[PDB]
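Below is one structure; the comments refer to it alone.
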Amino acid sequence: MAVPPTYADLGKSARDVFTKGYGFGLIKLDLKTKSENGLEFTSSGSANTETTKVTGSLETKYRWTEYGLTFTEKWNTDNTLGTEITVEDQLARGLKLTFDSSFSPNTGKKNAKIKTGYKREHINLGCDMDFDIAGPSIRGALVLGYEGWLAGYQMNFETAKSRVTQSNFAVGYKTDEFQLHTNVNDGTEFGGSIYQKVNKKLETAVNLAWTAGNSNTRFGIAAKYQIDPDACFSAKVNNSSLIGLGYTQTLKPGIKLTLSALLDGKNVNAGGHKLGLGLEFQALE
Ligand SMILES: NC(=O)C1=CN([C@@H]2O[C@H](COP(=O)(O)OP(=O)(O)OC[C@H]3O[C@@H](n4cnc5c(N)ncnc54)[C@H](O)[C@@H]3O)[C@@H](O)[C@H]2O)C=CC1
């Protein structure tokens, strides 16, 4: 109702299609369920059939009061276990406090991190600080919002030293029927994305990145085509003459099936084709 998502509108649609599902021939699974009772069940994990590579994770979240109290816990059965709590200032509207803590199984290593930021209807900025044992690091992320213009800046300051450890920048541009999302990884990595939707049922997306220092440029094109039902067919391609295809269609009333396939014409004929399966969605009534 107040202070809409600006950081998420930096390039979610672009990165969503740009991040080609890693087709390792395995099966992914993800189900999220939230209710107005403070109880939130979040399950995320993957399983490899071709090879013995299956790992599942369980995350417990809580949702109390619309925009009041939120808790996020991430515990892995095989991986590391950790939890986090988020509280929204009642009197100090806009003040958001999130405290997370990581813990290793049968290790004793405990990591504490505190995140404090403020969200304004005009702009949303937040500062996070991760406390480590070998060297604590700070992660700051500030997003600016403008009528039609969007901006986002996120970088981490190197506590162990007197300088920044990592710098990330991203620009968001919203237009009538045009959407442009740019993003650069530090002063050494710079890239951009351009999404154009056609009048008809044809969506177009573009994403490319360039590594400063060398003349190596990488670009990719991905489009989406809706058939009619709950099944949509998407296509993608890499500058390396790579043929990509992703089919997203819902199966059951709560879970969606996502298919991905990558064919590298570089040796796809004298080699093989890549396939990736993964189901993601939310469990509701
Ligand atoms: N159209 C395409 O994208 C195609 C891709 N491919 C293959 O995909 C492979 C690359 O897969 P990736 O490693 O995933 O490229 P990738 O590693 O660049 O995917 C991650 C990218 O997401 C960006 N990003 C933006 N916001 C993010 C966020 N909030 N969280 C995480 N990441 C965020 C990161 O800057 C990063 O560049 C290429 O080798 C190419 O052969 C294949 C065919 C076409």
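Residues in the structure tokens are numbered from 1 in each chain, the chains being A, B, ... in the order shown, and ligands are numbered from 1 in the order shown.
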
* Please identify every polymer residue within 6 Å of ligand 1, using only C-alpha atoms and all ligand atoms, and present the set as a VMD selection string. => chain A and resid 15 18 to 20 220 to 222 236 to 238 242 to 244

Please list as a compact mmCIF listing (two decimals) with C-alpha atoms, in the first residue's frame every residue within 8 Å of residue 56 in chain A, counting only C-alpha atoms and excluding residues in the same chain fewer than 6 positions away.
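File written: out17.txt
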```
# COMPACT_ATOMS: atom_id res chain seq x y z
CA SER A 44 13.74 -25.54 -1.33
CA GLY A 45 15.96 -28.31 -2.67
CA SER A 46 17.20 -30.23 -5.70
CA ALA A 47 17.90 -33.84 -6.65
CA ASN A 76 19.74 -27.16 5.77
CA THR A 77 19.65 -30.87 6.61
CA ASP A 78 23.08 -31.36 5.05
```

* Quick one: of A:256, A:109, A:12, A:63, who's nearest to residue 281 in chain A, counting only C-alpha atoms? ->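 Result for the nearest residue to residue 281 in chain A: A:256.
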
* Run DSSP on the backbone and give me the residues of range 20-196 of chain A it puts in strand (DSSP E), as an MDAnalysis selection string. => chainID A and resid 27:34 40:48 53:64 69:76 81:88 95:103 110:119 123:131 137:145 149:158 163:174 178:185 189:196

* Which neighbours of range 129-133 of chain A fall inside 12 Å, counting only C-alpha atoms, when residues of the same chain fewer than 6 positions from it are skipped, and could you give them as a ChimeraX atom specification? -> /A:97-103,108-117,139-141,155-160

* Do you have the CA of residue 94 in chain A-CA of residue 121 in chain A distance handy? -> 8.5 Å

* List the neighbours of range 200-215 of chain A out to 9 Å using only C-alpha atoms; skip same-chain residues closer than 2 positions along the sequence, and give me the result as a PyMOL selection string. => chain A and resi 13-15+17-18+181-184+187-198+217-227+236

Just to be explicit: take each residue in the selection above, keep N, CA and C atoms, and write the result as a CSV table (one decimal), in the first residue's frame.
```csv
chain,number,residue,atom,x,y,z
A,13,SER,N,12.9,-8.9,-14.0
A,13,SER,CA,12.4,-9.5,-15.2
A,13,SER,C,13.6,-9.8,-16.2
A,14,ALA,N,14.6,-8.9,-16.2
A,14,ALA,CA,15.7,-9.1,-17.1
A,14,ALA,C,16.6,-10.2,-16.6
A,15,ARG,N,17.0,-10.1,-15.3
A,15,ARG,CA,17.8,-11.2,-14.7
A,15,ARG,C,17.1,-12.5,-14.6
A,17,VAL,N,15.1,-13.9,-16.9
A,17,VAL,CA,15.2,-14.5,-18.2
A,17,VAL,C,16.7,-14.7,-18.5
A,18,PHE,N,17.5,-13.7,-18.1
A,18,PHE,CA,18.9,-13.8,-18.3
A,18,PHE,C,19.6,-14.9,-17.6
A,181,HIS,N,16.8,-2.5,-18.1
A,181,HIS,CA,17.4,-2.7,-16.8
A,181,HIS,C,18.9,-2.9,-17.0
A,182,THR,N,19.7,-2.1,-16.4
A,182,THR,CA,21.2,-2.2,-16.5
A,182,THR,C,21.8,-2.6,-15.2
A,183,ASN,N,23.0,-3.2,-15.3
A,183,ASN,CA,23.7,-3.6,-14.1
A,183,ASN,C,25.2,-3.9,-14.4
A,184,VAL,N,26.0,-3.5,-13.4
A,184,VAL,CA,27.4,-3.7,-13.6
A,184,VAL,C,28.1,-4.2,-12.3
A,187,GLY,N,33.9,-1.9,-10.9
A,187,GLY,CA,34.4,-1.1,-12.0
A,187,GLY,C,35.1,-1.9,-13.0
A,188,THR,N,35.1,-3.2,-12.9
A,188,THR,CA,35.7,-4.1,-13.9
A,188,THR,C,34.7,-4.8,-14.7
A,189,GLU,N,33.5,-4.9,-14.2
A,189,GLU,CA,32.4,-5.6,-14.9
A,189,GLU,C,31.2,-4.6,-15.2
A,190,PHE,N,30.8,-4.5,-16.5
A,190,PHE,CA,29.8,-3.6,-16.8
A,190,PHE,C,28.9,-4.2,-17.9
A,191,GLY,N,27.6,-4.3,-17.6
A,191,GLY,CA,26.6,-4.9,-18.5
A,191,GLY,C,25.3,-4.2,-18.5
A,192,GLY,N,24.4,-4.5,-19.4
A,192,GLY,CA,23.1,-3.9,-19.5
A,192,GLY,C,22.0,-4.9,-20.1
A,193,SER,N,20.8,-4.6,-19.9
A,193,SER,CA,19.7,-5.4,-20.4
A,193,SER,C,18.6,-4.5,-20.9
A,194,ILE,N,18.0,-5.0,-22.0
A,194,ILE,CA,16.9,-4.2,-22.7
A,194,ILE,C,15.7,-5.2,-23.0
A,195,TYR,N,14.6,-4.9,-22.3
A,195,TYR,CA,13.4,-5.7,-22.5
A,195,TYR,C,12.3,-4.9,-23.3
A,196,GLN,N,11.9,-5.5,-24.5
A,196,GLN,CA,10.9,-4.8,-25.3
A,196,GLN,C,9.7,-5.8,-25.6
A,197,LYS,N,8.5,-5.3,-25.2
A,197,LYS,CA,7.3,-6.1,-25.4
A,197,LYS,C,6.5,-5.6,-26.6
A,198,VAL,N,6.2,-6.6,-27.5
A,198,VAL,CA,5.5,-6.3,-28.7
A,198,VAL,C,4.0,-6.2,-28.5
A,217,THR,N,33.1,-9.5,-25.2
A,217,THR,CA,31.8,-9.2,-24.9
A,217,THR,C,30.8,-10.3,-25.1
A,218,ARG,N,29.9,-10.4,-24.1
A,218,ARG,CA,28.9,-11.5,-24.1
A,218,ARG,C,27.5,-11.0,-24.1
A,219,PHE,N,26.7,-11.4,-25.1
A,219,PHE,CA,25.3,-10.9,-25.1
A,219,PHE,C,24.3,-12.1,-25.4
A,220,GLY,N,23.1,-11.9,-25.0
A,220,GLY,CA,22.1,-13.0,-25.2
A,220,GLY,C,20.7,-12.4,-25.4
A,221,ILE,N,19.9,-13.2,-26.2
A,221,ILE,CA,18.5,-12.7,-26.5
A,221,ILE,C,17.5,-13.8,-26.1
A,222,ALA,N,16.5,-13.4,-25.4
A,222,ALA,CA,15.5,-14.3,-24.9
A,222,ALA,C,14.1,-13.7,-25.1
A,223,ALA,N,13.2,-14.5,-25.6
A,223,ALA,CA,11.8,-14.0,-25.9
A,223,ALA,C,10.8,-15.0,-25.2
A,224,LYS,N,9.6,-14.5,-25.0
A,224,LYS,CA,8.6,-15.3,-24.4
A,224,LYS,C,7.3,-15.3,-25.2
A,225,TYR,N,6.7,-16.5,-25.4
A,225,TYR,CA,5.5,-16.6,-26.2
A,225,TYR,C,4.4,-17.4,-25.5
A,226,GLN,N,3.3,-16.7,-25.2
A,226,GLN,CA,2.2,-17.4,-24.5
A,226,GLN,C,1.2,-18.0,-25.5
A,227,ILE,N,0.9,-19.3,-25.2
A,227,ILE,CA,0.0,-20.1,-26.0
A,227,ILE,C,-1.5,-19.7,-25.7
A,236,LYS,N,15.6,-18.7,-26.0
A,236,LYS,CA,16.8,-17.9,-25.7
A,236,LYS,C,17.9,-18.3,-26.6
```

* To do: Determine, counting only C-alpha atoms, which protein, DNA and RNA residues have an atom within 12 Å of an atom of range 35-42 of chain A; residues of the same chain fewer than 4 positions away are not included. Present the result as number ranges by chain.
  => A: 29-31, 56-76, 280-285

Can you check which residues of range 8-252 of chain A DSSP gives as alpha helix (DSSP H) on the backbone and send them as a PDB file with N, CA and C atoms, in the first residue's frame?
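What landed in out_3.pdb:
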```
ATOM      1  N   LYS A  12      14.583  -7.416 -12.242  1.00  0.00           N
ATOM      2  CA  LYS A  12      14.125  -8.758 -11.900  1.00  0.00           C
ATOM      3  C   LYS A  12      13.699  -9.522 -13.149  1.00  0.00           C
ATOM      4  N   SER A  13      12.924  -8.863 -14.005  1.00  0.00           N
ATOM      5  CA  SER A  13      12.446  -9.482 -15.236  1.00  0.00           C
ATOM      6  C   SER A  13      13.609  -9.800 -16.172  1.00  0.00           C
ATOM      7  N   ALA A  14      14.577  -8.892 -16.231  1.00  0.00           N
ATOM      8  CA  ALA A  14      15.745  -9.074 -17.084  1.00  0.00           C
ATOM      9  C   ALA A  14      16.634 -10.199 -16.564  1.00  0.00           C
ATOM     10  N   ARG A  15      16.955 -10.146 -15.276  1.00  0.00           N
ATOM     11  CA  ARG A  15      17.800 -11.159 -14.657  1.00  0.00           C
ATOM     12  C   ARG A  15      17.094 -12.512 -14.627  1.00  0.00           C
ATOM     13  N   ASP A  16      15.774 -12.480 -14.486  1.00  0.00           N
ATOM     14  CA  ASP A  16      14.980 -13.705 -14.443  1.00  0.00           C
ATOM     15  C   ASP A  16      15.171 -14.519 -15.719  1.00  0.00           C
ATOM     16  N   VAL A  17      15.062 -13.852 -16.863  1.00  0.00           N
ATOM     17  CA  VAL A  17      15.221 -14.513 -18.152  1.00  0.00           C
ATOM     18  C   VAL A  17      16.694 -14.671 -18.512  1.00  0.00           C
ATOM     19  N   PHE A  18      17.511 -13.724 -18.063  1.00  0.00           N
ATOM     20  CA  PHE A  18      18.943 -13.756 -18.336  1.00  0.00           C
ATOM     21  C   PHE A  18      19.602 -14.947 -17.646  1.00  0.00           C
TER      22      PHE A  18
END
```

* Identify which of the residues A:165, A:120, A:104, A:53 lies closest to residue 92 in chain A, counting only C-alpha atoms when measuring atom-to-atom distances. =>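 Smallest separation from residue 92 in chain A among the options: A:120.
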
* From the set A:154, A:89, A:246, A:161, which residue has the shortest atom-to-atom contact distance to residue 136 in chain A, counting only C-alpha atoms? ->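 The shortest atom-to-atom distance to residue 136 in chain A comes from A:161.
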
* Would you work out the distance separating CA of residue 254 in chain A from CA of residue 231 in chain A, expressed in Å to one decimal? =>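 If I compute the distance from CA of residue 254 in chain A to CA of residue 231 in chain A, I get 14.3 Å.
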
* **For residue 266 in chain A: contacts at 10 Å, only C-alpha atoms, fewer than 4 positions along chain excluded, given as a ChimeraX atom specification** => /A:240-242,270-271

* To do: Can you work out the spacing between CA of residue 83 in chain A and CA of residue 2 in chain A in Å, to one decimal?
  =>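 Computing the Euclidean distance for CA of residue 83 in chain A and CA of residue 2 in chain A yields 27.6 Å.
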
* **Minimum-distance residue to residue 180 in chain A, chosen among A:245, A:11, A:54, A:166 (using only C-alpha atoms)** => A:11
